[PDB]
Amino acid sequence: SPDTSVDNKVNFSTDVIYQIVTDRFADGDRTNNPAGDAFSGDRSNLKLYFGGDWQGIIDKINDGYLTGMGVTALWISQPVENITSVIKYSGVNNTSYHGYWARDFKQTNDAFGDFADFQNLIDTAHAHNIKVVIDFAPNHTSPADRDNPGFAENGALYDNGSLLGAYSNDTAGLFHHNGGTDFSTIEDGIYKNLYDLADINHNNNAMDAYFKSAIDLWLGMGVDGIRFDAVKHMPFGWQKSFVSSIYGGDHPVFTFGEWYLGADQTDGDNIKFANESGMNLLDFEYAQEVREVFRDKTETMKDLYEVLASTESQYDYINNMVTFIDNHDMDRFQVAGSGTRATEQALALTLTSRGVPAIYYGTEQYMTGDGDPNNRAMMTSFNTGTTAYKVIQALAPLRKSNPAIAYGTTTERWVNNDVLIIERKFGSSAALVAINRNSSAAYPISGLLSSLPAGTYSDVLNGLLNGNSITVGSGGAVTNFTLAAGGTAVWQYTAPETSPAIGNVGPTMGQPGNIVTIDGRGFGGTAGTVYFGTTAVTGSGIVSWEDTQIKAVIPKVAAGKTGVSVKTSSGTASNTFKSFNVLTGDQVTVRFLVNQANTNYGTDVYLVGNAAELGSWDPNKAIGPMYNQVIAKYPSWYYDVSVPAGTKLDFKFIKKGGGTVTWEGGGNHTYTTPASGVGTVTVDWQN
């Protein structure tokens, strides 16, 4: 099957995701509706269950509402069994309608449906060439008070109905007992509770095995992708080990996490997580800037382009960014009393930009509402006639048919404070997008250049947003035209590639023997070579080959980041996909601890070692800076690190800072890592 097939679970940049809060979308089965104080019949209390369920999603696929839009993936509320108790929070009864208060990750939330309902949703979606993404929240269970067991359900955790433990009587050490976080540092937000949510201890072997087992069940039923909740509040090392076990399992899938960023904020740890964790990220820098430019008018088109360029240079895998313009935690894009063209233009930009676009349910019906839970009202209408519906219908399928939009580079061709003209290019295909946010003034466009070959191009939107046709001359020169007030147009050209061209490689990280997927154009029908760096993969090591997709087995090659490329059976080479990170083997998570390592202000302890996962003795690739506040206290330091299973590691600790790099004295430390799960090592500093 080709790169655009619904069967391609690891690469999503040809898709458009529709994000559904399950309880708030469509009640297709009133018999699974919660009863009593847990249900809001008149929808007065938006913290209660309203009744939306998987059957309702199934109905809106079959009757064509969701298919009519060109949407090709559905991202749904965490499917797992939640607590069924109603919690009073400052006078207001609250429920698990949102799906984030888990108690059994191996059972369904019966409000949404049973396991047969879930398999039907998967089946109806795939049958319509729609992928299914689930929220997954392994950070915590549910609200709990350690010193008052009676509150809620004490954050209890069941395994197929059998109680592994609760917060108040936690003899196995399943949870952290370190208080609640004040969000003051990243370390503080990982190893402590988020509000009153019982924080899982993933340095526990039973917890590592539990979540690996639980995710495999959902992936076994055909789930195509995972939205990891709260990735800022779990150890980076555990998450890298966790997604490496997915990529090495039977069901490699696209994964991405939520790492919130505020407006005008960039964060080095966010960047490092997106580039090194093996998991991708929701693109908050893009989302906040688009909101500023179109919704709030607190930035201009020039500022928007600057963010497009700075995200491109800082993120290694820009086609994996999941872009959006709002979600279930922000104010709705549509502001009561504003017009709808801001929504329309923001969608048009997002649907044609690099990455993986995601649309929050009801965006296309101009739903309004500020803050949680007002931004989670019941879907107001299924009107397929709104301009926004038709904008998505027109432009989402371009991601499947034009490889410039799914894979291509991004180049500004014209920019002032109100107008942005952007070109996407991939080999012989290209797309040109023009947007004028000024609602009372048209702008003449003169001397615009493009990569479009000569001829006359009609607007893909056909004037729905006051766009126009253009005439392109010899050198990609675009004949003078006027971009109308509020105007938005898309012009495109797609041509069959003749040279092999890689658009994406998924997953982005893997140990030898994993199956990776290479998507692009012009690979030929018959098998050729795949080049992990300088080493060739042919014959047995190619699982399947065709013109837009190759599946291949990672070869036993030096661990570390490397380029991936293909040569056709006619000996023709491709471009190289940058920074594929080969692992040494399967991963475990080890907590490394070092004592009596004192430092002055501005100097941090780091971990170096022999395996690539430990930097290969490069203090430039050292792991850290380590932590010293919560799990263990300065002058003790600790860090949770993804390292190869069953492996004799040699390592030392170092002290680096503004210039100086101090090394550990004596001989090396040595440790054989576990064959599965998680581990720990405690060492003394050596002067």
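The first residue of the shown sequence is 1; numbering continues from there.
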Point to revise | Higher-B stretch (mean Cα B-factor, as the entry records it), 571 to 579 or 125 to 133 | key: 571 to 579
Review point. Looking at the entry, does 305 to 313 or 595 to 603 show the higher mean C-alpha B-factor?
Key: 595 to 603
Exercise for review: Specify which of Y638, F50, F651, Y65 carries the largest Cα B factor in the deposited PDB entry.
Suggested key: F651
Revision key, fill the gap. In this crystal structure's PDB entry, the residue among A495, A404, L464, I318 with the greatest CA B factor is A495
Practice item. Using the B-factor values recorded in the entry, state whether the Cα atom of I246 falls in the lowest, middle or highest third among the modelled residues of its chain. Key: lowest
Exercise for review: Would you mind checking where the Cα B-factor of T680 ranks among the modelled residues of its chain, as the lowest, middle or highest third?
Suggested key: middle
Point to revise | Ranked against its chain, the third holding the CA B-factor of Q686 | key: highest
Review point. Sorting the chain's CA B-factors, does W663 end up in the lowest, middle or highest third?
Key: highest
Study note, to complete from the structure: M330: C-alpha B-factor third of its chain, per the entry, is the middle
